[PDB]
Number of protein chains: 6
Amino acid sequence: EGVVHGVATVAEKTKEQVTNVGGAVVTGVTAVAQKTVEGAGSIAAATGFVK
Amino acid sequence: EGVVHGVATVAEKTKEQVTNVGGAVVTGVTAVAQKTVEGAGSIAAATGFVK
Amino acid sequence: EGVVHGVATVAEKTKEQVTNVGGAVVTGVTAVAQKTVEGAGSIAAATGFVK
Amino acid sequence: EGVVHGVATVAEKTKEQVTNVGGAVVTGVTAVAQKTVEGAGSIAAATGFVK
Amino acid sequence: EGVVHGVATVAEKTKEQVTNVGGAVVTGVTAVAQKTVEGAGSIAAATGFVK
Amino acid sequence: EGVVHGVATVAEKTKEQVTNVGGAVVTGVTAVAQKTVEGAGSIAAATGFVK
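Residues numbered from 1 in each chain as written, not as in the entry; some residues may be left out. Chains lettered and ligands numbered in written order. Heavy atoms only, no water. Residues with missing side-chain atoms left out of burial classes, pairs and counts.

This entry lists cryo-EM as its structure determination method and reports a resolution of 3.80 Å.

1. Structural notes on the overall build of chain A
Our working definition: Helix and strand definitions follow DSSP, with helices as H or I runs of at least four residues and strands as E runs of at least two, each counted in order from the N terminus. Atoms counted for the radius of gyration: C-alpha only. Globule rule: 2.2 Å times the number of residues to the power 0.38.
Helix and strand content of chain A: zero helices and one strand. The C-alpha atoms of chain A give a radius of gyration of 18 Å, which is well past the 10 Å a tight globule of 51 residues would have. Here the C-alpha coordinates of chain A stretch approximately 55 × 25 × 5 Å along the principal axes.

2. Looking at the layout of surface pockets
If a probe the size of a water molecule is rolled over the atoms, the empty space left behind becomes visible. Stated formally: Any residue with an atom within 4 Å of a point lines the site, the site being either a cavity, points on a 1 Å grid over the protein atoms alone where a 1.4 Å probe fits but cannot get out, or a pocket, an open set with protein on both sides within 12 Å along at least 5 of 7 lines. Grid points are joined across faces, edges and corners, and a volume is the space filled by probe spheres set on the points. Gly is placed with the polar residues, together with every amino acid not listed as nonpolar (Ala, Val, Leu, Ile, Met, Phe, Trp, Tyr, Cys and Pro) or charged (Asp, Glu, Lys and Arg).
The calculated volume of the largest pocket comes to roughly 630 Å³. Taken together, 21 residues make up the lining of the largest pocket; nearest its centre are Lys35 of chain A, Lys35 and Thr36 of chain B together with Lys15 and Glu16 of chain E. Each residue belonging to the lining of the largest pocket can be placed in one class, and the counts come to three nonpolar, nine polar and nine charged.

3. Description of the sheet that holds strand 1 (residues 8–9) of chain F
For clarity, the threshold we go by: For two strands to be treated as a pair, DSSP must find at least two bridges joining them.
Strand order in the open sheet formed by three strands is 1(D)-1(E)-1(F), with parallel pairing between adjacent strands. Edge strands, defined here as strands with exactly one partner in the open sheet, are strand 1 (8–9) of chain D together with strand 1 of chain F. In this structure, strand 1 of chain D lies alongside strand 1 (residues 8–9) of chain E, joined through two bridges in parallel fashion. When the sheet's bridge partners are listed, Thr9 of chain D is paired in strand 1 of chain E with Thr9 of chain E.

4. Here's the deal with the environment of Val7 of chain C
The following threshold applies: Only heavy atoms matter for contacts: two residues are in contact if any of them lie within 4.5 Å across the pair.
Locating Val7 of chain C in the fold gives a position in the segment before strand 1 (8–9). In this structure the C-alpha to C-alpha distance between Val7 of chain C and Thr19 of chain C, which are twelve residues apart in sequence, comes to 8.5 Å. With sequence-adjacent residues up to four places away left out, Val7 of chain C is seen in contact with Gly6, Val7 and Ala8 of chain B together with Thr19 and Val21 of chain C.

5. With respect to the sheet that holds strand 1 of chain C
One open sheet holds the three strands; their spatial order is 1(A)-1(B)-1(C), and the pairing between them is parallel. Taken across any chain shown, the strands that pair with only one partner, and hence form the sheet edges, are strand 1 (8–9) of chain A together with strand 1 of chain C.

6. Regarding the interface of chain E and chain D
Each partner contributes to the interface: chain E provides 51 residues, whereas chain D provides 50 residues. For the side of chain E that touches chain D, the per-class residue count stands at 23 nonpolar, 20 polar and eight charged.

7. Points about the arrangement of the chains
A gap remains between chain A and chain C, which never touch, and the nearest two C-alpha atoms on either side lie 8 Å apart. Between chain C and chain F there is no contact, and the shortest C-alpha to C-alpha distance separating them is 13 Å.

Structure follows, in structure tokens:
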């Protein structure tokens, strides 16, 4: 039960549960693989960030 | 039950559950694979970010 | 039950559930594969972001 | 010039040259990306082999 | 010039040259990315081998 | 110049040159990334071998 500003998450016998409320959660997989990646200001393999 | 501004999520015996309320959750897979990627300001393999 | 501004999500024995309310959730798969990708300001393999 | 059993390869100012005579050369790119891949004896992401 | 059994490779100002005569050369890129890969005897991410 | 059984490789101002004659040379990149990979006898991330 909530009284003020907020998010509630309910579940039963699940296989995945996450409630990010402003950050950046990473739970899957990733296999970035590059080569000769030039460029000023680049973000080559960001993979789930906030800015 | 909510009283003020907020999101509620209910489930029962599920296989995936997530409520991002402003961030960036990543849970799947990804296989970015590049080569000779030039370009100033580029974002080569963003893969689920916020800006 | 909600009292103020908000979204409600109800389910029972499902296989996928997510309520993003402003971020960027990624749960599927992806296999970007490029080669010789020039271009200033490019976003080569965005794959589900917000800007 | 050849005298006995063999292969000859001639070129001038090219951008790709390879003569595999029984092995397995790999020079391109690949972005295999799977999920829940069962199966006895499987070869999920072979990507250019010999058997 | 060859006298006996063999392979000859000639080039001039090229960008790729390789002559594997029974092994397995790998020169490109690869981004295998799997999840929950069962299976006895499997070869999940072979990526250019000989057997 | 060759006199007996053998392979010759000639080049001029190139960017890649290799002649494996039975081993296994690796020169590219690779980003294998797995999760929960069962299986007796498996070879999960072979990445360019001989057997």
